[PDB]
Structures are given as C-alpha cells and as structure tokens.
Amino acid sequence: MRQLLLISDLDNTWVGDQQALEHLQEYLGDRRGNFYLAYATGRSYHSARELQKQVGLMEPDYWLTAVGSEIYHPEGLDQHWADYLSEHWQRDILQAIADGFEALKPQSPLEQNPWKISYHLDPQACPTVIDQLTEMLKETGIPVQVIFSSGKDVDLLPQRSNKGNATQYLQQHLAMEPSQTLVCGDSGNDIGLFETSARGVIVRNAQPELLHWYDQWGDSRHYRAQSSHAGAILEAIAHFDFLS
C-alpha cells in the first residue's frame, strides 16, 4: 500500500559515507510513510543491529540478514521462510565438501547459521577454485548456490535463498510490484538482487565482480550510479522517479 519498497545492502552501500548516509536518511525521514524499508545484508541480525547503533541506521521495516538466509519482521524471525529454506537442505554434506578445499578457510562460527556456510578464499589461491567448488557442490543434487564477493567471501546457501529470492518473497508478502521496488548493492552477494525484475542501482564504489555482472547481464532496469555509497540511492530514486 506504499509507493516504494526500498531494499539496500549496508556496508559500502547505505553505509560508508556518513554525510551521504545522513542526508539520505533526512530526505527519507520526511516521507517515512511512503515506503517500506528493508536492509539486505551479509551480516547476521546481531551484527546488523550493532552497525545500526554505530552509524545511526534508521529503523527498517524488515531485515534480510545473512544474505537473505534469515528474515526478521518487526515481530520477529520469519519461521515460514526458515522452514521453506530447510526443505531439501543438507548443511553437513555441503560443509564436508567445502571443508575439503585447502584454499578455503572457515569464517568464524558467528558468521554461520543453519542455512549459511561461509569461508574465506586464500588471497594467494586461484579464483578458479570457486568454479570447481560450485560444480562439485551442485553435482550432489542438493539445491545449493555459491555466493562469491569481494574476491574472498564464499557463502553456501539453499538455492531458494540469497538477497533476490528474499526480496521477491517480501514483495509478495507486501503485495508490492517489481516496478515499485528499488534494490541497491555493491558486490557479488547483491547479484541475486539485480537478478529480480526490480529496479536496481549499482553504487559507483561497487566491487569488480558486480561490475562484471552488470556488463554481461545489465538491462534497462539497472542503473550504474555516478555517486558512491548512500549518494547512489538518492541518485537512483531521482532517476527512477520514485517518491514522485
């Protein structure tokens, strides 16, 4: 029932340039009832909440955390989404396979959850190892996807997950159309967002892998902003003529 469903990643997108973050929030703070806000981050809910306290993030309506593996409503964790992601998911088998790659090192326990297995790629290892991992994981028949970003972060998630799928789920939940949606991102863990039919903005300070993706799949609904960080969101809002 609102005119815009705003979905944005935090670090390097919404966050990173405190001045832009502040004027973006001032602008939005003057028409809060005209849009639904969702932060789609690779951070866990707890970590996202810490960041909010650090930079003064305005309160969103929803939190799509851990790359969309967990969805938080004002009233709490979405148990439907969790059960949906659990179906056919085999965390242990996938972890055993990933653990076997010498070039991969497990990320801290706090970066893991039932639907997210994460690792760090050795800086000296050949990125091609990600292709081998992906193919090996897929051949298990287990519905899994591999998210690679910043040239080092590797997340193993259910195929039904990632930021884009969480976004579409939210869109259906709120009865919001793709033409009324704006997704904002900066890296490989945001590709799922640009895969949806929502309008999208790629920040100027975007990571290599996301720019490469845009070059190959970029369409008319995708906008490459001149501005970096939060400034890219204001620019996109004006570009797509949202909140007219």
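So that the term is clear: the rigid core is the largest set of C-alpha atoms that superpose within 1.5 Å between two forms. Numbering starts at 1 and runs along the sequence shown.
With every structure aligned by its rigid core, 113 to 121 is the stretch of 161 to 169 and 113 to 121 whose CA positions lie farther away in 8 other deposited structures of this protein.
Taken in 8 other deposited structures of this protein and fitted on the core, 73 to 81 and 126 to 134 differ in how far their Cα atoms move from the shown form, and the one that moves more is 126 to 134. Here 161 to 169 and 116 to 124 are compared by their mean Cα B-factor, and 116 to 124 comes out higher. Taking the mean C-alpha B-factor of each stretch as recorded, 21 to 29 and 219 to 227 are not equal, and the higher mean is that of 219 to 227.
Listed residues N34, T65, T181, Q54 were ranked by CA B-factor as deposited; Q54 comes out on top. When all modelled residues of the chain are sorted by CA temperature factor, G76 is found within the highest third.
Looking at the C-alpha B-factors along this chain, the one for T134 belongs to the middle third. Sort the modelled residues of the chain by CA B factor and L156 lands in the lowest third. Sort the chain's modelled residues by C-alpha temperature factor and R204 lands in the highest third, per the entry. In the deposited entry, the Cα temperature factor of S86 sits in the top third of values across the chain's modelled residues.
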